[PDB]
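Take a look at the structure set out below.
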Amino acid sequence: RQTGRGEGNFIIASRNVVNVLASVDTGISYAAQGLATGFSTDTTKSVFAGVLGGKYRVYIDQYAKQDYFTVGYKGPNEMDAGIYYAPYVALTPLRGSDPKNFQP
Amino acid sequence: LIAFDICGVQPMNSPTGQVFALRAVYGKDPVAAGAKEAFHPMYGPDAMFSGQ
Amino acid sequence: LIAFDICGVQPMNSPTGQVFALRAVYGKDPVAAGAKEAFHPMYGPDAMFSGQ
Amino acid sequence: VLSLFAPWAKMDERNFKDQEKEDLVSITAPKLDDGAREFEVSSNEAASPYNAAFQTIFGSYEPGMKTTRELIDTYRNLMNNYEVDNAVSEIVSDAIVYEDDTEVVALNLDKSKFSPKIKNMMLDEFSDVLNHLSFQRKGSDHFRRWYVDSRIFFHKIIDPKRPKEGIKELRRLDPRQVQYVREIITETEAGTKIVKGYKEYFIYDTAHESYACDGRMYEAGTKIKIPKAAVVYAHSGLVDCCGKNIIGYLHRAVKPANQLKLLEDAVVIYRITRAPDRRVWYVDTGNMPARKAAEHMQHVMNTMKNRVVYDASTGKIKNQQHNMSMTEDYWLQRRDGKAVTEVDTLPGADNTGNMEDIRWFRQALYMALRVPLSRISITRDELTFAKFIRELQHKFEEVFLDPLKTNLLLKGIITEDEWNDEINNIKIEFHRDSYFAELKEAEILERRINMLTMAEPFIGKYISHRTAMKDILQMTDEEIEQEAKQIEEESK
Amino acid sequence: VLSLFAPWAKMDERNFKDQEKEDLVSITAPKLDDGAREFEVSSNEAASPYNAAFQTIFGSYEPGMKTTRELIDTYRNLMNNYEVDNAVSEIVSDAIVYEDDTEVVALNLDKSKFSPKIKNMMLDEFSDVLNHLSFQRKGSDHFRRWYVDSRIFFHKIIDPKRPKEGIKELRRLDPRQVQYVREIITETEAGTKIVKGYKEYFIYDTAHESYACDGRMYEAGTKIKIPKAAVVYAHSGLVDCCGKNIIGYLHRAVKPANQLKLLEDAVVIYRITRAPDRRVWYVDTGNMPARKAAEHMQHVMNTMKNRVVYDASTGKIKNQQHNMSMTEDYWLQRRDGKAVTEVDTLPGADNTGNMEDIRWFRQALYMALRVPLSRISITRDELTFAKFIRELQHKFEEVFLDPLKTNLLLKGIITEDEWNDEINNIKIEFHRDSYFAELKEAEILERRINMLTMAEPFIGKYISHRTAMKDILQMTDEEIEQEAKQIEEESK
């Protein structure tokens with residue numbers, strides 16, 4: 001409703017939220033829970049935990065200060081983003097030395 | 001990292017770039033207090049405007 | 001937009017159309033206060049009309 | 001992760017598992033020279049089928065197709081341009097030759113086969129594949145597009161509830177609506193060389209959001225991941241200086257095609273501008289504020305303007321009557337003795353050419369289109385061109401061999417292992433124009449006959465009859481004996 | 001829509017339904033190769049009758065068909081220009097061939113037949129198909145229109161009360177008034193991948209209320225929906241850089257055709273202007289109010305103006321005496337001791353060219369018009385050209401397959417299944433220029449004889465007679481036996 005372009009399609013959240021998502025039956029069912037298997041919880045390997053119901057891309061915010069989640073929308077285009085980053089210059093190395101003492 | 005998984009980029013070829021945007025606006029003068037957007041996603045369309 | 005199949009359309013090849021309805025009636029007089037419709041779903045049949 | 005494509009997902013996963021059981025490891029290489037774009041994933045990410053959605057999103061910020069679209073759009077226009085188009089036409093014409101009461105490309109199973117029953121089935125299947133593609137009617141169009149675009153893709157259809165029988169006709173996928181990608185499913189102690197099966201799947205897209213002349217109102221929205229096995233495709237072994245950018249055959253023409261166009265238009269503009277008479281009238285309108293000065297100018301120009309028009313529908317002069325003056329006599333006046341009022345005549349698009357540059361460039365361009373210099377007997381140039389045509393055919397052909405494998409495999413006619421053992425060589429032969437083939441053979445024979453004739457005086461003295469038959473007439477031993485058998489019977 | 005098309009709707013609705021019955025699913029892109037303009041639609045459960053039509057009619061009608069009109073207008077304008085007219089004529093002449101008392105397009109039913117007499121029925125219908133075009137007298141014109149316009153459409157007539165005997169003569173539709181469309185009749189999860197049946201009907205446009213060179217057009221202004229079965233049509237497999245913007249064979253030459261005539265016209269105007277003499281008199285009219293100042297200028301003009309014009313009706317100078325001046329003696333009464341009143345001449349129509357650049361451009365155009373290089377024996381260029389003509393005939397051919405299957409099906413001669421197995425190939429052949437056809441064979445024979453002649457010294461020594469017949473004379477074995485048997489009979 002707020003953007004007029006599309007519904008939320010990703011979630012970035014505290015690991016704890018993810019632990020819950022991964023341990024609950026997210027499908028339409030009677031009731032259920034168990035050990036977390038649904039999403040990766042291991043920030044060692046990724047950030048991307050998995051896709052919730054095959055609908056939302058779930059990511060882990062490893063620096064959540066309390067415990068929260070953010071849900072948002074990103075369209076197929078670059079204009080339909082909400083947030084933009086036009087890098088123009090990035091990670092360009094500098095190499096040389098300072099000959100006065102000739103250190104690198 | 002997932003820095004751009006959800007971010008538009010369109011990298012610039014100059015510093016300090018610009019973006020344009022367009023709203024469909026009704027009420028004769030597009031620049032006016034009370035001017036309204038024809039396809040506003042939250043506000044409903046005015047059916048009297050084109051009718052009664 | 002919502003499909004217009006949520007309602008009838010009957011697009012016309014002319015303005016100003018008309019619709020005719022055939023209301024079965026009873027009580028010996030088609031036009032009278034109190035005259036009744038034979039198959040109006042809100043009401044049961046007049047169980048004693050042809051009877052007592 | 002669409003279950004709709006499960007039959008092929010199953011094929012890709014089985015292939016992948018077989019790759020997992022292979023020891024082609026300790027490889028630094030991406031394991032590919034020409035093909036799918038390279039990306040890397042962790043093995044834990046890759047383990048989930050939904051990794052495809054994740055990788056698709058990454059790829060979306062390094063679009064891939066945007067570049068291919070620019071290249072193809074360019075190629076499409078080169079094809080559209082005169083003296084480009086025709087080269088393509090000749091190439092297409094030789095690549096796929098049609099004739100009355102004649103065959104079309106066909107599968108020739110004259111090599112080792114698992115079974116004659118399979119052989120019969122494969123030949124019929126090949127025909128069904130051509131029928132699916134409407135090859136007999138459109139084979140040359142598919143080829144043309146492939147040549148120009150560098151590639152062609154098709155979507156396979158499986159029932160899929162009866163996926164042995166419900167094998168249906170291919171849907172051509174237009175390059176720019178699709179990309180081929182490959183992922184590294186591994187990590188190690190700095191520099192993984194672990195078996196990388198890569199899966200090598202496709203992503204579907206489309207977009208008419210950007211400028212179009214007409215006929216374009218659609219957009220994929222989200223992208224779709226398609227199993228490798230679900231797509232029939234072929235592409236030329238033509239790549240860019242980098243990455244995995246696939247290049248079309250007309251890429252060579254990008255420079256000179258436009259240089260020629262550029263020169264041609266410049267010549268035309270030069271010739272047209274300044275062709276008709278052009279002249280400027282000047283009026284001495286000094287010592288006035290400006291708006292007033294103009295009255296003097298108007299008092300002249302409203303009489304001097306040659307208000308006459310040339311009719312290009314009918315070669316006539318509008319407002320000319322009478323037929324034509326012997327002269328155009330004008331009177332111009334000045335308010336002083338100062339030679340300021342005057343009329344200038346202007347150039348003059350002079351016939352400077354020397355129209356040689358455009359010709360040099362045209363010839364260079366034409367050659368660049370991969371055609372004989374003899375075009376605007378049998379020569380090296382023709383033979384070279386024919387080799388080229390065969391090279392095109394033998395890449396294009398994947399368009400038939402791929403669905404052949406798939407359909408037979410689904411039906412339960414062949415196994416994959418059998419496929420790999422038979423091919424090797426199950427070559428499909430293309431029809432070639434019998435006219436030219438006859439000319440070539442006849443010329444070869446003429447030369448062989450002349451050599452034989454000249455050798456004759458010592459055919460029973462220094463060299464033998466057999467010698468001449470095998471060396472000059474280039475006959476095999478079997479050919480010689482069999483030919484003799486027939487001769488001996490005819491002599492009776 | 002209209003009950004008028006009820007028998008067609010019956011045919012179209014059934015075809016649609018039968019196509020839907022096949023689960024050609026899991027297909028991303030709509031299964032469309034070429035032709036019709038698709039309009040994506042969606043539906044609730046299965047279909048949204050007339051809801052989709054509102055959206056489709058307005059959505060496609062408004063932003064469209066302008067291009068179509070322009071292309072047709074362009075093609076006609078192109079056709080009307082010098083040498084285009086000829087190029088078209090040559091194509092039409094070569095494409096539609098008939099001669100005194102010879103063959104015409106014919107349905108070659110040499111393949112398996114139902115019992116087998118269906119061929120007689122089909123051949124009789126074929127004759128009527130031609131009669132319904134009056135092809136035997138108008139075939140050249142129908143073809144020309146198709147070729148030039150890139151497309152042609154005809155309305156089919158049904159009784160309709162006793163439809164079996166109802167097919168009548170065809171009704172051609174106006175160019176630029178036909179929109180061929182498809183609907184994507186489906187929507188689902190993440191974008192429809194559901195069988196794409198489309199219906200594939202036409203929209204009949206009306207009221208081309210615009211203008212053309214020297215005229216105006218008129219029509220109704222209605223939009224009529226039709227299923228497909230109702231119309232006989234064909235179009236070239238030619239599309240521009242975008243979408244399904246269908247173009248003609250004439251499209252490729254539009255550019256150069258116009259720049260060529262523009263260059264010729266530029267030469268013409270160059271030569272015309274300045275042709276007569278031209279010179280301006282400058283007059284010093286200073287120290288006077290305009291009222292009087294004008295007298296000096298008016299006086300010189302009134303008495304010394306060259307009032308003589310050329311008689312282009314009769315080669316003479318209009319009513320002049322004496323017959324011709326030896327010199328034109330002019331003079332001026334100078335107001336002061338200053339060269340301020342004088343004549344200043346202008347350059348004439350000098351023979352600047354070198355009007356040769358135009359030769360390159362015309363050469364390029366001739367070729368661009370899709371004609372043999374040699375037009376202003378046997379050659380690769382001719383063979384190529386003939387193949388082109390043959391393909392044009394194949395594309396055009398549908399005009400005789402469509403009404404043929406239509407009445408065979410309407411009448412009860414053939415079933416749909418039978419049609420589908422017969423074709424495959426029931427190709428309608430055509431006559432080829434008899435002079436050149438015989439010449440080609442003659443040239444072939446001469447070459448074959450020369451080879452036999454050279455081969456002769458060894459036809460009983462190294463090469464058998466049967467072999468020579470097979471390789472030198474390119475004979476089949478049946479052909480060889482027939483020739484031997486006829487010889488044996490003649491020998492007795």
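Just so we're on the same page: first chain in the structure tokens is A, next is B, and so on; residues restart at 1 for each chain, and ligands are numbered from 1 in the order they show up.
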*Once DSSP has gone over the backbone, tell me which residues of segment 19-153 of chain D are in strand (DSSP E or B), as a PyMOL selection string.*
chain D and resi 37-41+106-107+151-153
*Mind listing as a PyMOL selection string which residues of chain D are within 8 Å of chain B, counting only C-alpha atoms?*
chain D and resi 57-58+61
Residue 49 of chain B environment, 12 Å, only C-alpha atoms, sequence neighbours closer than 4 positions dropped, as an mmCIF file with N, CA, C and O atoms, in the first residue's frame:
data_model
loop_
_atom_site.group_PDB
_atom_site.id
_atom_site.type_symbol
_atom_site.label_atom_id
_atom_site.label_comp_id
_atom_site.auth_asym_id
_atom_site.auth_seq_id
_atom_site.Cartn_x
_atom_site.Cartn_y
_atom_site.Cartn_z
ATOM 1 N N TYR B 26 -3.787 16.663 -10.638
ATOM 2 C CA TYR B 26 -5.013 17.264 -11.098
ATOM 3 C C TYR B 26 -5.426 18.497 -10.329
ATOM 4 O O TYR B 26 -5.068 18.698 -9.156
ATOM 5 N N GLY B 27 -6.241 19.325 -11.004
ATOM 6 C CA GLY B 27 -6.710 20.577 -10.426
ATOM 7 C C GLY B 27 -6.151 21.796 -11.180
ATOM 8 O O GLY B 27 -5.832 22.825 -10.575
ATOM 9 N N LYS B 28 -5.980 21.648 -12.499
ATOM 10 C CA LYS B 28 -5.500 22.686 -13.426
ATOM 11 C C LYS B 28 -4.076 23.157 -13.271
ATOM 12 O O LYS B 28 -3.313 23.090 -14.227
ATOM 13 N N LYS B 36 -3.700 17.770 -6.243
ATOM 14 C CA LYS B 36 -3.711 16.361 -5.836
ATOM 15 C C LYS B 36 -3.147 15.404 -6.861
ATOM 16 O O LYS B 36 -3.259 15.616 -8.068
ATOM 17 N N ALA B 38 -3.166 12.244 -9.080
ATOM 18 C CA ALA B 38 -4.147 11.394 -9.756
ATOM 19 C C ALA B 38 -3.985 9.919 -9.459
ATOM 20 O O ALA B 38 -4.973 9.197 -9.371
ATOM 21 N N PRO B 45 -8.689 7.848 -5.549
ATOM 22 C CA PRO B 45 -9.058 8.664 -6.688
ATOM 23 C C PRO B 45 -10.385 9.388 -6.454
ATOM 24 O O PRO B 45 -11.242 8.911 -5.709
#
Contacts between chain B and chain A, please, where a residue of chain A counts if it comes within 8 Å (with only C-alpha atoms); show its shortest atom pair and distance in Å to one decimal, rows by chain and ascending number, as CSV.
residue,atom,partner,partner_atom,distance
A:1,CA,B:42,CA,6.3
A:2,CA,B:42,CA,6.5
A:3,CA,B:41,CA,6.9
A:4,CA,B:41,CA,5.1
A:46,CA,B:1,CA,7.6
A:47,CA,B:1,CA,6.5
A:48,CA,B:2,CA,7.8
A:73,CA,B:6,CA,7.8
A:74,CA,B:6,CA,5.6
A:77,CA,B:8,CA,7.4
A:78,CA,B:8,CA,4.1
A:79,CA,B:8,CA,6.3
A:80,CA,B:8,CA,7.3
A:81,CA,B:8,CA,5.2
A:82,CA,B:7,CA,7.6
A:83,CA,B:7,CA,5.6
A:84,CA,B:8,CA,4.9
A:85,CA,B:9,CA,4.7
A:86,CA,B:11,CA,4.0
A:87,CA,B:11,CA,5.2
A:88,CA,B:12,CA,4.9
Once you have the residues from the selection above, write them out as a PDB file, in the first residue's frame, restricted to C-alpha atoms.
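The resulting out07.pdb:
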ATOM      1  CA  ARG A   1       0.000   0.000   0.000  1.00  0.00           C
ATOM      2  CA  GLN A   2       2.718   2.454   0.967  1.00  0.00           C
ATOM      3  CA  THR A   3       4.799   2.200  -2.221  1.00  0.00           C
ATOM      4  CA  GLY A   4       2.188   1.294  -4.800  1.00  0.00           C
ATOM      5  CA  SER A  46      26.284 -16.239   5.041  1.00  0.00           C
ATOM      6  CA  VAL A  47      23.871 -13.512   5.891  1.00  0.00           C
ATOM      7  CA  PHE A  48      21.227 -14.972   3.750  1.00  0.00           C
ATOM      8  CA  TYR A  73      10.357  -4.265  -0.739  1.00  0.00           C
ATOM      9  CA  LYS A  74      12.726  -4.231  -3.632  1.00  0.00           C
ATOM     10  CA  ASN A  77      14.282  -2.246 -11.385  1.00  0.00           C
ATOM     11  CA  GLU A  78      16.887   0.042  -9.779  1.00  0.00           C
ATOM     12  CA  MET A  79      14.411   2.924  -9.564  1.00  0.00           C
ATOM     13  CA  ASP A  80      12.018   0.842  -7.516  1.00  0.00           C
ATOM     14  CA  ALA A  81      14.410   0.597  -4.572  1.00  0.00           C
ATOM     15  CA  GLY A  82      13.637   3.078  -1.832  1.00  0.00           C
ATOM     16  CA  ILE A  83      17.336   3.222  -1.043  1.00  0.00           C
ATOM     17  CA  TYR A  84      20.051   4.017  -3.545  1.00  0.00           C
ATOM     18  CA  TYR A  85      23.846   3.666  -3.740  1.00  0.00           C
ATOM     19  CA  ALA A  86      25.444   5.037  -6.950  1.00  0.00           C
ATOM     20  CA  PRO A  87      29.109   4.213  -6.286  1.00  0.00           C
ATOM     21  CA  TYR A  88      30.882   6.131  -9.152  1.00  0.00           C
TER      22      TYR A  88
END
*Quick one: superpose chain E on chain D on all Cα atoms, same order, and give the RMSD.*
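Chain D versus chain E: RMSD of 1.4 Å.
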*Atomic separation - atom CA of residue 240 of chain E relative to atom CA of residue 144 of chain E, Å*: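 Between atom CA of residue 144 of chain E and atom CA of residue 240 of chain E the gap is 21.1 Å.
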*Near chain D, which residues of chain A fall within 12 Å when you count only C-alpha atoms, and what do they look like as a VMD selection string?*
chain A and resid 5 to 6 9 to 10 37 to 59 74 to 78 80 to 81 85 to 86
Same residues, N, CA and C atoms, output as an mmCIF file, in the first residue's frame:
data_model
loop_
_atom_site.group_PDB
_atom_site.id
_atom_site.type_symbol
_atom_site.label_atom_id
_atom_site.label_comp_id
_atom_site.auth_asym_id
_atom_site.auth_seq_id
_atom_site.Cartn_x
_atom_site.Cartn_y
_atom_site.Cartn_z
ATOM 1 N N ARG A 5 3.985 -0.165 -5.538
ATOM 2 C CA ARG A 5 4.700 -0.921 -6.542
ATOM 3 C C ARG A 5 4.766 -2.405 -6.247
ATOM 4 N N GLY A 6 4.737 -2.764 -4.983
ATOM 5 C CA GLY A 6 4.819 -4.164 -4.641
ATOM 6 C C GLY A 6 4.972 -4.356 -3.166
ATOM 7 N N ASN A 9 9.225 -8.154 0.109
ATOM 8 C CA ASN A 9 9.775 -9.381 -0.434
ATOM 9 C C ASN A 9 11.098 -9.808 0.202
ATOM 10 N N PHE A 10 11.489 -9.120 1.265
ATOM 11 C CA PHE A 10 12.653 -9.515 2.021
ATOM 12 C C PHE A 10 12.495 -9.108 3.462
ATOM 13 N N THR A 37 15.832 -25.782 11.309
ATOM 14 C CA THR A 37 16.398 -26.367 10.105
ATOM 15 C C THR A 37 16.014 -25.538 8.905
ATOM 16 N N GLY A 38 14.934 -24.772 9.061
ATOM 17 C CA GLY A 38 14.333 -24.048 7.941
ATOM 18 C C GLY A 38 15.227 -23.033 7.245
ATOM 19 N N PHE A 39 16.065 -22.363 8.009
ATOM 20 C CA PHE A 39 16.944 -21.339 7.492
ATOM 21 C C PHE A 39 18.311 -21.513 8.085
ATOM 22 N N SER A 40 19.331 -21.030 7.407
ATOM 23 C CA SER A 40 20.619 -21.017 8.050
ATOM 24 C C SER A 40 20.606 -20.001 9.154
ATOM 25 N N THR A 41 21.229 -20.345 10.249
ATOM 26 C CA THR A 41 21.395 -19.467 11.382
ATOM 27 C C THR A 41 22.854 -19.112 11.545
ATOM 28 N N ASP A 42 23.689 -19.664 10.676
ATOM 29 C CA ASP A 42 25.118 -19.495 10.844
ATOM 30 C C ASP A 42 25.707 -18.362 10.014
ATOM 31 N N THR A 43 26.026 -17.268 10.696
ATOM 32 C CA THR A 43 26.525 -16.049 10.086
ATOM 33 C C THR A 43 27.938 -16.225 9.575
ATOM 34 N N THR A 44 28.531 -17.352 9.930
ATOM 35 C CA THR A 44 29.850 -17.692 9.495
ATOM 36 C C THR A 44 29.823 -17.877 8.004
ATOM 37 N N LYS A 45 28.767 -18.507 7.509
ATOM 38 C CA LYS A 45 28.759 -18.855 6.119
ATOM 39 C C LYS A 45 28.038 -17.837 5.285
ATOM 40 N N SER A 46 26.999 -17.227 5.828
ATOM 41 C CA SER A 46 26.284 -16.239 5.041
ATOM 42 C C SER A 46 25.558 -15.245 5.892
ATOM 43 N N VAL A 47 24.684 -14.509 5.249
ATOM 44 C CA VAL A 47 23.871 -13.512 5.891
ATOM 45 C C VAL A 47 22.512 -13.970 5.525
ATOM 46 N N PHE A 48 22.465 -14.514 4.318
ATOM 47 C CA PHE A 48 21.227 -14.972 3.750
ATOM 48 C C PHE A 48 20.891 -16.277 4.391
ATOM 49 N N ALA A 49 19.765 -16.291 5.056
ATOM 50 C CA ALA A 49 19.348 -17.431 5.820
ATOM 51 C C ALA A 49 18.515 -18.374 4.965
ATOM 52 N N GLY A 50 17.697 -17.799 4.096
ATOM 53 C CA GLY A 50 16.811 -18.611 3.260
ATOM 54 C C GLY A 50 15.575 -17.851 2.823
ATOM 55 N N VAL A 51 14.599 -18.552 2.239
ATOM 56 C CA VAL A 51 13.413 -17.843 1.771
ATOM 57 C C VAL A 51 12.156 -18.294 2.523
ATOM 58 N N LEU A 52 11.485 -17.363 3.161
ATOM 59 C CA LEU A 52 10.363 -17.690 4.004
ATOM 60 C C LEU A 52 9.142 -17.983 3.214
ATOM 61 N N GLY A 53 8.769 -19.258 3.221
ATOM 62 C CA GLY A 53 7.615 -19.762 2.495
ATOM 63 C C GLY A 53 7.856 -19.754 1.014
ATOM 64 N N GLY A 54 9.093 -19.526 0.616
ATOM 65 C CA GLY A 54 9.360 -19.378 -0.795
ATOM 66 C C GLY A 54 8.980 -17.953 -1.241
ATOM 67 N N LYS A 55 8.626 -17.103 -0.269
ATOM 68 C CA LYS A 55 8.145 -15.731 -0.590
ATOM 69 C C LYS A 55 9.127 -14.630 -0.163
ATOM 70 N N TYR A 56 9.653 -14.646 1.063
ATOM 71 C CA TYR A 56 10.509 -13.497 1.465
ATOM 72 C C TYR A 56 11.972 -13.908 1.655
ATOM 73 N N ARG A 57 12.902 -13.101 1.128
ATOM 74 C CA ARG A 57 14.315 -13.403 1.341
ATOM 75 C C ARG A 57 14.734 -12.961 2.726
ATOM 76 N N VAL A 58 15.102 -13.920 3.563
ATOM 77 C CA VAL A 58 15.454 -13.677 4.948
ATOM 78 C C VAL A 58 16.945 -13.595 5.153
ATOM 79 N N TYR A 59 17.352 -12.514 5.787
ATOM 80 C CA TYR A 59 18.718 -12.210 6.115
ATOM 81 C C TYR A 59 18.904 -11.974 7.603
ATOM 82 N N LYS A 74 11.827 -4.601 -2.567
ATOM 83 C CA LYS A 74 12.726 -4.231 -3.632
ATOM 84 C C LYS A 74 12.196 -4.744 -4.957
ATOM 85 N N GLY A 75 12.023 -3.850 -5.919
ATOM 86 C CA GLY A 75 11.490 -4.268 -7.196
ATOM 87 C C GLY A 75 12.590 -4.746 -8.132
ATOM 88 N N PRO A 76 12.228 -5.230 -9.330
ATOM 89 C CA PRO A 76 13.107 -5.713 -10.383
ATOM 90 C C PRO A 76 13.972 -4.620 -11.002
ATOM 91 N N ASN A 77 13.556 -3.374 -10.839
ATOM 92 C CA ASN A 77 14.282 -2.246 -11.385
ATOM 93 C C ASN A 77 15.176 -1.673 -10.310
ATOM 94 N N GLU A 78 15.962 -0.665 -10.702
ATOM 95 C CA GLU A 78 16.887 0.042 -9.779
ATOM 96 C C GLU A 78 16.165 1.283 -9.248
ATOM 97 N N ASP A 80 12.946 1.327 -8.516
ATOM 98 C CA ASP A 80 12.018 0.842 -7.516
ATOM 99 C C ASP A 80 12.789 0.227 -6.348
ATOM 100 N N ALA A 81 13.527 1.074 -5.634
ATOM 101 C CA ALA A 81 14.410 0.597 -4.572
ATOM 102 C C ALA A 81 14.197 1.186 -3.195
ATOM 103 N N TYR A 85 22.388 3.551 -3.859
ATOM 104 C CA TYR A 85 23.846 3.666 -3.740
ATOM 105 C C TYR A 85 24.453 3.701 -5.129
ATOM 106 N N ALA A 86 24.804 4.896 -5.617
ATOM 107 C CA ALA A 86 25.444 5.037 -6.950
ATOM 108 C C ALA A 86 26.942 5.180 -6.683
#
Near chain E, which residues of chain D fall within 6 Å when you count only C-alpha atoms, and what do they look like as a compact mmCIF listing (two decimals) with N, CA, C and O atoms, in the first residue's frame?
# COMPACT_ATOMS: atom_id res chain seq x y z
N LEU D 4 7.14 -26.83 -11.71
CA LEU D 4 6.69 -26.91 -13.07
C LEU D 4 7.77 -27.44 -13.99
O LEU D 4 7.49 -28.02 -15.04
N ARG D 171 9.68 -24.01 -27.77
CA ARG D 171 9.29 -22.58 -27.82
C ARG D 171 10.57 -21.75 -27.97
O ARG D 171 11.35 -21.70 -26.99
N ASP D 214 8.46 0.25 -31.85
CA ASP D 214 7.07 -0.20 -31.75
C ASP D 214 7.02 -1.68 -31.35
O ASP D 214 8.04 -2.36 -31.31
N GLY D 215 5.82 -2.19 -31.08
CA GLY D 215 5.56 -3.63 -30.91
C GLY D 215 6.07 -4.22 -29.60
O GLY D 215 6.09 -5.44 -29.43
N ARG D 216 6.48 -3.36 -28.69
CA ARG D 216 7.07 -3.78 -27.43
C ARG D 216 6.42 -3.20 -26.16
O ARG D 216 6.66 -2.05 -25.79
N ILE D 272 23.09 17.21 -51.53
CA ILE D 272 21.77 17.85 -51.52
C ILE D 272 21.83 19.28 -50.98
O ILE D 272 21.21 20.20 -51.54
N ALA D 275 22.75 22.13 -53.29
CA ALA D 275 22.45 21.82 -54.68
C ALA D 275 21.68 22.96 -55.37
O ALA D 275 22.16 23.44 -56.40
N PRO D 276 20.53 23.46 -54.84
CA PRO D 276 19.73 24.48 -55.46
C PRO D 276 20.40 25.80 -55.27
O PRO D 276 21.18 25.97 -54.33
N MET D 324 9.55 30.31 -69.42
CA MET D 324 10.84 30.54 -68.77
C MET D 324 11.48 31.81 -69.32
O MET D 324 11.68 31.92 -70.53
N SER D 325 11.82 32.75 -68.46
CA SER D 325 12.47 33.97 -68.93
C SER D 325 13.84 33.70 -69.49
O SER D 325 14.52 32.77 -69.05
N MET D 326 14.27 34.51 -70.47
CA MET D 326 15.63 34.38 -70.97
C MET D 326 16.63 34.81 -69.89
O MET D 326 17.83 34.50 -69.98
N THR D 327 16.13 35.59 -68.92
CA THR D 327 16.91 36.12 -67.82
C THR D 327 16.11 36.53 -66.60
O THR D 327 14.93 36.90 -66.66
N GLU D 328 16.77 36.50 -65.47
CA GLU D 328 16.21 36.98 -64.23
C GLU D 328 16.79 38.36 -63.92
O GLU D 328 17.91 38.46 -63.40
N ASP D 329 16.04 39.42 -64.27
CA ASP D 329 16.51 40.79 -64.06
C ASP D 329 15.95 41.40 -62.79
O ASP D 329 14.73 41.58 -62.66
N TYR D 330 16.82 41.74 -61.86
CA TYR D 330 16.39 42.31 -60.59
C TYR D 330 16.85 43.73 -60.41
O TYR D 330 17.94 44.09 -60.87
N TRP D 331 16.07 44.53 -59.70
CA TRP D 331 16.50 45.88 -59.34
C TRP D 331 16.55 46.09 -57.84
O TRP D 331 15.56 45.92 -57.13
N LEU D 332 17.73 46.47 -57.38
CA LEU D 332 18.03 46.70 -55.99
C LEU D 332 18.47 48.16 -55.83
O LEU D 332 19.23 48.65 -56.66
N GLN D 333 18.00 48.85 -54.80
CA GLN D 333 18.38 50.25 -54.65
C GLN D 333 18.96 50.60 -53.29
O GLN D 333 18.68 49.95 -52.28
N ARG D 334 19.75 51.68 -53.29
CA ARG D 334 20.42 52.20 -52.07
C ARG D 334 20.13 53.71 -51.95
O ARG D 334 19.99 54.37 -52.99
N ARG D 335 20.07 54.20 -50.71
CA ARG D 335 19.81 55.60 -50.38
C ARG D 335 21.05 56.49 -50.31
O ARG D 335 20.97 57.65 -49.90
N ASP D 336 22.18 55.94 -50.70
CA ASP D 336 23.45 56.65 -50.69
C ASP D 336 24.31 56.09 -51.81
O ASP D 336 23.91 55.16 -52.49
N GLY D 337 25.51 56.62 -51.97
CA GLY D 337 26.43 56.17 -53.02
C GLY D 337 27.36 55.06 -52.52
O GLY D 337 28.32 54.67 -53.19
N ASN D 351 30.92 19.01 -57.48
CA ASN D 351 31.19 17.61 -57.79
C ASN D 351 32.67 17.24 -57.66
O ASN D 351 33.37 16.99 -58.64
N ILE D 487 32.20 -54.03 -65.06
CA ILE D 487 32.68 -53.87 -66.43
C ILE D 487 32.73 -55.21 -67.13
O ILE D 487 32.34 -55.32 -68.29
_Counting only C-alpha atoms, the option among E:236, E:377, E:127, E:108 closest to residue 148 of chain E_ =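 For residue 148 of chain E, the nearest of the given residues is E:236.
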*For the atom pair atom CA of residue 37 of chain C and atom CA of residue 50 of chain C, what is the interatomic distance in Å to one decimal place?*
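Between atom CA of residue 37 of chain C and atom CA of residue 50 of chain C the gap works out to 15.0 Å.
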_Residue neighbourhood residue 166 of chain D, 10 Å, only C-alpha atoms, exclusion window fewer than 4 positions, as a list in words_ = residues 157, 158, 159, 160, 161, 162, 407, 410 and 411 of chain D; 22, 23 and 24 of chain E
*Do you have the atom CA of residue 382 of chain E-atom CA of residue 130 of chain E distance handy?*
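We find that atom CA of residue 382 of chain E and atom CA of residue 130 of chain E lie 29.1 Å from each other.
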